[PDB]
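Chain A is the first sequence line, chain B the second, and so forth, proteins listed ahead of strands; every chain is numbered from 1.
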Amino acid sequence: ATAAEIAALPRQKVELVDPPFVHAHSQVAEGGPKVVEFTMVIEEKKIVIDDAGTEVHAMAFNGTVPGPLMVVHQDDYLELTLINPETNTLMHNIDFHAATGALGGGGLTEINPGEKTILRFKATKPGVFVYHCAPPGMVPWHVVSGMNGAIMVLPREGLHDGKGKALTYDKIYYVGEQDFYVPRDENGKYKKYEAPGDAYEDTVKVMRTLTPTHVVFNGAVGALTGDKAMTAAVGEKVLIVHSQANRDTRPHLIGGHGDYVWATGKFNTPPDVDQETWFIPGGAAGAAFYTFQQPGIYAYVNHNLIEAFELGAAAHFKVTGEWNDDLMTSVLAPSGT
Amino acid sequence: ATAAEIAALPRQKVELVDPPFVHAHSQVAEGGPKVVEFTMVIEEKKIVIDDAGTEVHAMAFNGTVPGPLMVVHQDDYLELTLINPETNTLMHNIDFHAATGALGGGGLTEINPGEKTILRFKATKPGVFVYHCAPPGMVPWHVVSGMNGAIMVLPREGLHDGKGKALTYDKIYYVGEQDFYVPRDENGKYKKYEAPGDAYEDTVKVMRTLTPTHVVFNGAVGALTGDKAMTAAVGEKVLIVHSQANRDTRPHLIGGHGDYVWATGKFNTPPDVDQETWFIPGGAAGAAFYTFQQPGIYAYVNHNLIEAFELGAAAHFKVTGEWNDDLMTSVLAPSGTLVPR
Amino acid sequence: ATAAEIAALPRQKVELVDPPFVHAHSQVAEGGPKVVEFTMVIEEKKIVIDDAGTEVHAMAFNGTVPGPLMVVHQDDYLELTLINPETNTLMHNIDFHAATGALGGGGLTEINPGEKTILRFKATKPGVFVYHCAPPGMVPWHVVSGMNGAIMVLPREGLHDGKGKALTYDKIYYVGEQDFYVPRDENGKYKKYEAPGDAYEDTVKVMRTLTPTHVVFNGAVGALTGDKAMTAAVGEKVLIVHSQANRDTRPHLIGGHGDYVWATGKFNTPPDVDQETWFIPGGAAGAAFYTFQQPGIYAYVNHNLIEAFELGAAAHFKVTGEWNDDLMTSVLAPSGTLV
Ligand SMILES: O=N[O-]
Ligand SMILES: O=N[O-]
Ligand SMILES: O=N[O-]
Ligand SMILES: [Cu+2]
Ligand SMILES: [Cu+2]
Ligand SMILES: [Cu+2]
Ligand SMILES: [Cu+2]
Ligand SMILES: [Cu+2]
Ligand SMILES: [Cu+2]
């Protein structure tokens, strides 16, 4: 498209919402290509990531870890206003893995506290994609302080299976998984600090072990449970988008499956089917579609079960509806032999 | 299917066999859906996992690590009687990743010592799938104590390649890979404990390093070697099911390939072909089909070679038959002069 | 093929070049099956791998880490002369994951210093494949001392997408990624050793932690950056072959994609498309095809960004050509209240 063709397209402003929900959008595009406008404000903030009161100095797009999901259609333009408020201490930027050129946008969006910038890129490839901060010389430190999220670039005709049949979800959730590297003192207790830059050296030492102290969804142990358990009903079709900007993961729905999984996250790569556990490499997003068939509490985990049940990587779905005895029944409930 | 329709189905009782063997089955289903019956007793038992004599309190379905492979066909029902004998100390249950509902059956099968339960599920999706114990609050410790295995839900029509041509194997093996996290003392020697519970706190510390001390097939270093090597002949078609309930692996047949690999384990996902090394994420099973072309000893490994040769993840195949110099020949054997060094 | 037919095939000798470059070849085969002859000399030598002067006693096919890429077509034979010079100290051999039999050739190629051997195998399967040394009983030590590379067995009709359209690259690069395990003393300083065997017990202790001290391309931190960046132009089609003989990696082109990725490395498995980050398990090679669309500097990384930017696994591409403002533009450059 020429600059005059892009000038003539409609603009749409979107209000973002906190993960794991996703802002309003249409699965099939409503209209020709648009320039879709988003704004995120970077907040350097303390987050508490476990029930021992462990703290992280988060570097949080729109104040959440992960940052929020942006949704556009293929060949729309995503136009981001990124703001780095004067109350922050570090320079930040943004790399969209969905984008083409200038290190994903990072080369064009380096903003010191008190600056803003506006980047536009054409979303030429359909899929779910990581975005993350990447300041030269400090890249993994920002990413493993929670400065990452994902976008979804839907095909203009919505999702389809490998054979071209429509897949339409009722619900969509976004699970961002985070590896944290929290320094400990000589007694094994997690250290606290009064500014992000005070933890830097201690944290690089833990990062270089390649062994996270915590692996969590939505920024904390247990965050996607209780008030934030994800909801569905028997018969509803749910898309679960999962990202991990730095480290591999292997998502699994305990008691369910991934009926269709774009494990690579890319919708022109046909999805795998009937998955028990799928694999998303560090630096990517993936998406699984499932139709619930049984009610109950489900857990949703990274299936390194030490990562899930010792280090924090477990969420719940609460699912209403009628039990199906054909699919599963207790013929004899636990009872003396 | 209604309760009445399920009741009218034929029942078949299977006698399980120990890994890496798989109980007798038919590749193509014989007749219509069935309720296929299995029984396993859980044994908490000390096992040795290396030639030094290192000792784990295993938590073993049917007394083996891995637990045995159960084979049914798509839309059969798998009906398991699971028994937790009164000589065990812990509650156990089972989660079938092939099943739908109640945490894969875990929510409906928590048995204390002295209890049994019968779970039935419809095997709706074809593939190989992990199963493992999962007591709430203690899940990884049971699974990395060996309490996991796999099932295979064959399509009713048997296996096919991605273009629909039949793939019929002559033998099958099940390789269960287990990461173990054994505590060490102040000088670096592995510790032994009187009961499973005495090991718990020291074992969780090693688990949280995410670094196994042992990574093994069939429960111990070298278990599938020597008189326990797997075997085949030139021309024979072998399916190798591989599972890992907790941690990634990357299987490889040294001197062979995976001609067709369902790396995800799911038979409605077309298999990769011509693979050197395939990848099975923790929490899953996969399957590779190969036709042997050359005789001799092969190794089958996790191709993190430190895991294979330092931590235990290496098996052998002994293959009989004639050597094929078209496929490979030593044009000049190692030769030269005997030099000082 | 009868014995006289195999004996009558043409023999062609090919000169290797050092990674990340690849020897000249044709994408579509030229003529019928041939026996393609290569020779490699193994060098044991000390290499420096980071800006602190840390040393590895490298075990290097053809004198490089990784060893060079050999390129043949499907149903050619690859006939390698492997030479272990008398100034080396260790026995070595070679396992081609592309080959069938004898542990990939390792059982037929065990050569002490002062020996040579010639192995021929039929390249029956198309794809990129690891090769590595594997002396029984010391396999991971040789591989993590750098003794590994890859080959490419192209289909005779060249590459194609999943629909059958031809995919023809202008350029090809081979990135071999290496995990090293360098012992440290109790102050955290990397240790140095007189002879390669002197480091063996300390190095296996590091190996057993499963945590590399360094993760590098072309054998050293920074080897493919700066003035050693790989190059392309806007409009150019580039195939990037990547291998890792011992440990998983997850390549990513920062500011680009893998337009077609044979993530398994095998050309009869249809490529994934539009990839951000692909995944190559330890013990395999993979290949990504991309057409560059934007000029400027790119980084090409293992996207565990701690492995990329703390442990060494980052390369650059320098790309010439015109900026495309349709694909990306700065609507407002970084700014505070005033311009
Ligand atoms: O089935 N997840 O442990
Ligand atoms: O070729 N297996 O090391
Ligand atoms: O986009 N690589 O960090
Ligand atoms: Cu930042
Ligand atoms: Cu990135
Ligand atoms: Cu148990
Ligand atoms: Cu599970
Ligand atoms: Cu060697
Ligand atoms: Cu190998």
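Remark: C/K116 NZ is loosely packed, at most 12 non-hydrogen atoms of other residues, nucleotides or ligands lying under 6.0 Å away. Environment of CD in C/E37: crowded, with over 12 heavy atoms of neighbouring residues, nucleotides or ligands closer than 6.0 Å.
Checked against side chain to side chain donor-acceptor pair (under 3.5 Å), C/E115 has no partners two or more places apart in sequence or in another chain. Residues meeting the ring pair (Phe, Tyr, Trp, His ring centres under 6.0 Å) test with C/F267, sequence neighbours left out: C/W262. For the ring pair (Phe, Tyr, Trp, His ring centres under 6.0 Å) test, residues two or more places apart in sequence or in another chain that qualify with C/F38 are C/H23. Residues satisfying the ring pair (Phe, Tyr, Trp, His ring centres under 6.0 Å) test with C/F61, not counting sequence neighbours, are C/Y131. C/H57 pairs by the ring pair (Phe, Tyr, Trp, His ring centres under 6.0 Å) definition with nothing, not counting sequence neighbours.
The main-chain N or O of B/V331 is never found under 3.5 Å from a side-chain atom of B/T329 such that the two would form a donor-acceptor pair. Using modelled atom types, no side-chain atom of C/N112 and backbone atom of C/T89 make a donor-acceptor pair closer than 3.5 Å. Judged by distance alone, the side chain of C/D161 and the main-chain N or O of C/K165 form a donor-acceptor pair under 3.5 Å. The main-chain N or O of B/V273 is found under 3.5 Å from a side-chain atom of B/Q275 such that the two form a donor-acceptor pair. Without hydrogens or angle criteria, C/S26 side chain to C/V28 main chain gives a donor-acceptor distance under 3.5 Å. Side-chain atoms of C/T81 never come within 3.5 Å of backbone atoms of C/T39 as a donor-acceptor pair (strictly under, hydrogens ignored).
Taking the side chain as every heavy atom from C-beta outward, B/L239 and B/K171 never approach each other to under 4.5 Å. A 4.5 Å side-chain heavy-atom check between C/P68 and C/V17 finds every atom pair outside the cut-off. Side chains of B/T231 and B/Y173 form a contact here, defined as non-hydrogen atoms less than 4.5 Å apart. Residues C/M91 and C/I111 form no side-chain contact, since every pair of their non-hydrogen atoms from C-beta on lies 4.5 Å or further apart. Residues B/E322 and B/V234 form no side-chain contact, since every pair of their non-hydrogen atoms from C-beta on lies 4.5 Å or further apart. C/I240 has its side chain within reach of C/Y300: a pair of non-hydrogen atoms, C-beta onward, lies under 4.5 Å apart. The closest side-chain heavy-atom distance from C/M59 to C/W141 is below 4.5 Å. Taking 4.5 Å as the limit, some side-chain heavy atom of B/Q294 sits within range of a side-chain heavy atom of B/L327.
With rounding to the nearest 0.5 Å, the separation of CG in C/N246 from CG in C/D179 is 4.5 Å. The distance from atom CG of C/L154 to atom CD of C/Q74, rounded to the nearest 0.5 Å, is 10.0 Å. Distance check: B/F289 CZ to B/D170 CG gives 7.5 Å after rounding to the nearest 0.5 Å. Atom CZ in C/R120 sits 11.0 Å away from atom CD1 in C/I118 (nearest 0.5 Å). Atom NE2 in B/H316 sits 9.5 Å away from atom CG in B/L224 (nearest 0.5 Å). Here the CG-CG distance, from C/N62 to C/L82, works out to 10.0 Å after rounding to the nearest 0.5 Å.
Pairs of residues two or more places apart, or lying in two chains, that qualify as side chain to side chain donor-acceptor pair (under 3.5 Å) and include a residue from residues 7-19 of chain C are C/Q12-C/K34.
Proximity of the aromatic rings of B/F292 and B/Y298 is defined here by a centroid distance below 6.0 angstrom, and this criterion is met. Centroid-to-centroid, the aromatic rings of C/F121 and C/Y77 stay 6.0 Å apart or farther. When ring centroids are compared, B/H252 and B/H257 stay outside the 6.0 Å threshold.
Checked by atom type, the side-chain pair C/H92/C/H142 shows a donor-acceptor distance below 3.5 Å.
Cation-pi geometry between C/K266 and C/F129 is met: under 6.0 angstrom from the ring centre, within 45 degrees of the axis.
Tested against C/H242, the residues C/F217, C/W278, C/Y174 include a single ring pair (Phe, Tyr, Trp, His ring centres under 6.0 Å) partner, C/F217. Here the rule is side-chain contact (heavy atoms from CB on, under 4.5 Å) with C/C133, and of C/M147, C/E110, C/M138 only C/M147 fits it.
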Residues B/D259, B/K237; criterion salt bridge (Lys or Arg N to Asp or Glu O under 4.0 Å); working and verdict: CA-CA 10 Å; B/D259 283 338; B/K237 293 174 290 177; over 6 Å; no
Derivation and outcome, salt bridge (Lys or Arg N to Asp or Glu O under 4.0 Å), residues C/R250 and C/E307: CA-CA 10 Å; C/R250 56 212 57 78; C/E307 299 182 23; 3.8 Å; yes
Verdict with supporting geometry, C/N302 and C/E177, side chain to side chain donor-acceptor pair (under 3.5 Å): CA-CA 9 Å; C/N302 170 332; C/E177 173 174 338; 2.9 Å; yes
